[PDB]
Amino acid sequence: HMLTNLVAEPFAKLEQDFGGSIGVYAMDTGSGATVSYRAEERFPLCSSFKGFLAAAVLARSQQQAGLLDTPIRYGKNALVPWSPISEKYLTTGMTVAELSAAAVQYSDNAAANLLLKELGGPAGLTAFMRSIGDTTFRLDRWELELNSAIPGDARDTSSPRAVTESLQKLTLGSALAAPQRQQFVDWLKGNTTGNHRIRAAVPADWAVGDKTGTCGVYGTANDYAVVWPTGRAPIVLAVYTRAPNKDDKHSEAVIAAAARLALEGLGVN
């Protein structure tokens, strides 16, 4: 149930056309069958950390009654670039739950930084990931500095394999209480930024929740998802890219193509 070889040559050709590195890990939750390609290499998380951030908030909500309903007020100086929800509520504030939804479904930067502050910063989110058994994940910096994607720099990285393992634990396993688990799924399902990535490889009659990341440099962008094919167990998968030159462009088409190859490798029609 390493189907990694059905699709190892097509992944290598896709990566050669792209001109960089592609990292994939895909898990069939029914059989436990996996597809790996550069699955243990580090890639920059970019915005993809915001899904784990929302899950860490949900975990804390199990301990702290009322956390999700707490109003948060912020100044103009909190509004960093790409804050499309939080800029509309500057004069009013938003709840923790609303910031978490904005962080997940619009990749809202100001919302992500405000929730990082609630958790004790990048070290607090790293702490939550260690708490679910993820020893690979590290967040080191805040938005926007975490997007530097410097070749060889382990800061603000994880592996495709650790991202998939943690995503399965949070969405399908026992890392969150059932209500919090379904809220995390529902936030991922409502994501607006991923239509050209994993979703572009998934039939319209299958449910999917995803979180994107785009660093803006070094051909670096990513997506992770849970996919619910009809008539079989869910699939969890992560697709990360980087490239050697700062002005290399990312490709959403390459992420969708990689997701297609992972699903073909798992035998999902």
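The numbering used is simple: start at 1 and walk along the sequence shown. Definition used throughout: the rigid core is the maximal C-alpha set that superposes within 1.5 Å between two forms.
A.B. asks: Between 5 to 13 and 257 to 265, which has its CA atoms farther from the current form in 7 other deposited structures of this protein, using a rigid core superposition?
C.D. replies: Looking at 257 to 265 and 5 to 13 in 7 other deposited structures of this protein, the bigger mover is 5 to 13.
A.B. asks: Which is higher in the entry, the mean Cα B factor of 52 to 60 or that of 237 to 245?
C.D. replies: Higher mean C-alpha B-factor in the PDB entry: 52 to 60.
A.B. asks: Please compare 177 to 185 with 164 to 172 and name the stretch with the higher mean C-alpha B-factor in the deposited structure.
C.D. replies: In the deposited entry, the stretch with the higher C-alpha B-factor mean is 177 to 185.
A.B. asks: Would you mind checking which of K117, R155, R130, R197 has the top Cα temperature factor in the PDB entry?
C.D. replies: Among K117, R155, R130, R197, the PDB entry lists the largest C-alpha B-factor for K117.
A.B. asks: For the listed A225, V202, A39, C215, which has the peak Cα B-factor recorded in the PDB entry?
C.D. replies: Comparing C-alpha B-factors across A225, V202, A39, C215, the maximum falls on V202.
A.B. asks: Among all modelled residues of this chain, ranked by Cα B factor, put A102 in the bottom, middle or top third, i.e. lowest, middle or highest.
C.D. replies: Lowest third of the chain for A102's C-alpha B-factor.
A.B. asks: Against its chain's modelled residues, does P151's Cα B factor rank lowest, middle or highest third?
C.D. replies: According to the entry, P151 has a C-alpha B-factor in the chain's lowest third.
A.B. asks: Going by what the PDB entry lists, where does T91 fall on CA B-factor within its chain: lowest, middle or highest third?
C.D. replies: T91: CA B-factor falls in the middle third of its chain.
A.B. asks: Give the position of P10 by CA B-factor within its chain, expressed as the lowest, middle or highest third.
C.D. replies: Highest third, going by the recorded CA B-factors of the chain.
A.B. asks: Lowest, middle or highest third: where is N77 by C-alpha B factor in its chain?
C.D. replies: Top third by C-alpha B-factor.
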